[PDB]
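Asks: Need coordinates for the following:
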Amino acid sequence: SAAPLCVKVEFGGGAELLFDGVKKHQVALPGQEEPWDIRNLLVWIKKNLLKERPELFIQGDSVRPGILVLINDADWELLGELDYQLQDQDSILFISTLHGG
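Replies: Residues are numbered from 1 along each chain as shown. There you are, the coordinates:
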């Protein structure tokens, strides 16, 4: 529960297997500066949650060409991706398109 706005970070493109199988990660914004940009959250996930080696995961700023991200439910890159001041109830989903089927 975030007083201002709260966002959800989750894995879908088999990305969870890089993190042992945990997909949904909830993160509440402070209510002032909001340092929880997509950029910083990937870092939080990369450094802490990456059980694999990040070499198969995304680049440490937003995503690699391999994993795509939905900001709330839309194309991250066109929206601002890495440098996002977050939006309310953003469903931030990492979808690795390196393996679609």
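Asks: show me where this protein has strands.
Replies: For the chain, the strands defined by DSSP state E occupy 6-11, 25-28, 67-71, 74-75, 91-96.
Asks: Mind giving me the packing neighbours of the lengthiest helix in the chain?
Replies: Using DSSP state H, we find that the single longest helix of the chain is helix 38-44. On a contact count with 3 or more Cβ pairs under 8 Å, 6 or more residues apart in numbering; DSSP states H and E, helix 38-44 meets strand 25-28. (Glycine included, C-beta is placed from N, CA and C.)
Asks: residues in contact with the strand it packs on?
Replies: Strand 25-28 is contacted by residues 1, 2, 6, 7, 8, 9, 10, 36, 41, 44, 45, 49 when judged by Cβ atoms under 8 Å, 6 or more residues apart in numbering.
Asks: how about CSV for these, with distance to residue 68 and neighbour count added?
Replies: Converted to CSV, the contacts of strand 25-28 look like this (distance: Cβ to Cβ, whole Å; neighbours: other Cβ atoms under 10 Å):
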residue, distance to residue 68, neighbour count
1, 28, 5
2, 25, 16
6, 23, 16
7, 17, 24
8, 16, 15
9, 14, 22
10, 13, 17
36, 20, 23
41, 15, 19
44, 19, 13
45, 15, 22
49, 18, 17
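Asks: Endpoints of stretch 40-55, how far apart?
Replies: 18 Å (Cα to Cα, to the nearest Å).
Asks: now swap in stretch 45-54 and tell me
Replies: 10 Å.
Asks: What number of residues are in the vicinity of residue 79?
Replies: Applying other Cβ atoms under 10 Å, we find 15 other residues in the vicinity of residue 79.
Asks: Residue 89 versus residue 32, what's the distance?
Replies: Distance from residue 32 to residue 89, counting by Cβ to Cβ, to the nearest Å: 19 Å.
Asks: what sits against the spatially closest residue to residue 92 that is not a sequence neighbour?
Replies: With sequence-adjacent residues excluded and distances taken as Cβ to Cβ, 6 or more residues apart in numbering, residue 92 is closest to residue 9, at 4.6 Å. Counting by Cβ under 8 Å, 6+ apart, residue 9 touches 24, 25, 26, 27, 41, 45, 92, 93, 94.
Asks: Please give me every residue in contact with residue 8.
Replies: Counting by Cβ under 8 Å, 6+ apart, residue 8 touches 24, 25, 26, 27, 89, 90, 91, 92.
Asks: Good, we can wrap up now.
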